[PDB]
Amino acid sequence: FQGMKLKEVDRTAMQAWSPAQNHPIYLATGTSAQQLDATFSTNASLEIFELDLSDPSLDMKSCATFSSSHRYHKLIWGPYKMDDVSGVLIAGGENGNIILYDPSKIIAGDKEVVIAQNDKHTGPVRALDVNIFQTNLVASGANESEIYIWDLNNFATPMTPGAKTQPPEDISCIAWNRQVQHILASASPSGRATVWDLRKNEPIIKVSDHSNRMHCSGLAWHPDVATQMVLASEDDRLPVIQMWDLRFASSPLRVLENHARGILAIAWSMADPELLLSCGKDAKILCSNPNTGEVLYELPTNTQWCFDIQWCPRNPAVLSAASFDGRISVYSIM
């Protein structure tokens, strides 16, 4: 349908676009954990590619490669680093590992690229998010309801948004509120979302609709409405995106079932909040309006499923989606 494929990167990896203000546009990829191909290789690398739209080739220019001892569950690029290339690459590892990488030291080709490392978490660090008002704060999530808040000015000692939710469930997604800096949301695999108030240091609201049929695959806050957030489900018994308004806690405002099967990933545009990307087990990449519920268009894709999708921060027309067939594809909605 709409738009087209610009670039393709054949890596089974976690992705992160460089922050909005950085030039050139960079795509960092970190070899994905809990997956194996027929080679049965656990070889991990963190690579950085440049996005050149002046070139019509499907190949991106590789800029740097770092031979990692970790495979990743999450990879984000925050706009703030404690000291050429803006920000910090924060990677969620296995066995509670959190690694901070200096992307300018990776680009340059230095030997020491790790800023700091930690293993305080238990199990896979699947959830990571940077606060947009206090760009030094990172919220992390792993097993047994572990939610840590790291200050990049003093990364050795973390904090908590309050006492751990009981019973202890894994934290699958984490997201800082886009309008009120001390509000954070966490989701569990059962679709129970918790909203923490860091001023009160305790949960202020808990919302769940199905639970019995929900399998959470995504959490996002509305870029411009403080009390509005979405929850995606991967479960084929309930293949929906629940659109919540925290003013009305009993049930979601609306439900989007635009896919034939469960939703594997979502990305809500900060540039244009009327645009919400979603990947399905029906192998469709859709763009839906979260305010109407309407499908605006479909992106041209193959028979493969995508586990991750992200809007490019510097270029709102661009997005990348990582598929299970070992490919990262870069599209334009233009």
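Residues carry their position along the shown sequence, with the first being 1.
How big is the unmodelled gap, if any, between residue 112 and residue 113 relative to the deposited sequence? Choose none, 1 to 3, 4 to 9, or 10 or more. In the deposited sequence, nothing is left without coordinates between these two.
Which of the two stretches, 69-77 or 104-112, shows the higher mean Cα temperature factor in the record? The stretch with the larger average C-alpha B-factor is 104-112.
Mean C-alpha B-factor comparison - 280-288 and 36-44, higher one: Here the higher of the two C-alpha B-factor means belongs to 36-44.
Using only the C-alpha B-factors in the record, can you name which of 92, 158, 87, 218 has the highest? Out of 92, 158, 87, 218, the record gives the largest C-alpha B-factor to 158.
Going by the deposited entry, which of 129, 234, 257, 144 has the highest CA temperature factor? Most elevated C-alpha B-factor of the set, per the entry: 144.
By the recorded C-alpha temperature factor, relative to the other modelled residues in its chain, which third is residue 306 in? Its C-alpha B-factor, which the entry lists for residue 306, ranks in the middle third among residues of this chain.
Taking the chain's C-alpha temperature factors as the reference, tell me which third residue 51 falls into: lowest, middle or highest. It falls in the middle third of the chain.
Lowest, middle or highest third: where is residue 176 by Cα B-factor in its chain? As the PDB entry reports it, the C-alpha B-factor of residue 176 lands in the lowest third of its chain.
In terms of the CA temperature factor given in the entry, to which third of its chain does residue 188 belong: lowest, middle or highest? Middle third of the chain for residue 188's C-alpha B-factor.
Among all modelled residues of this chain, ranked by Cα B factor, put residue 230 in the bottom, middle or top third, i.e. lowest, middle or highest. Answer is lowest: the recorded C-alpha B-factor places it there.
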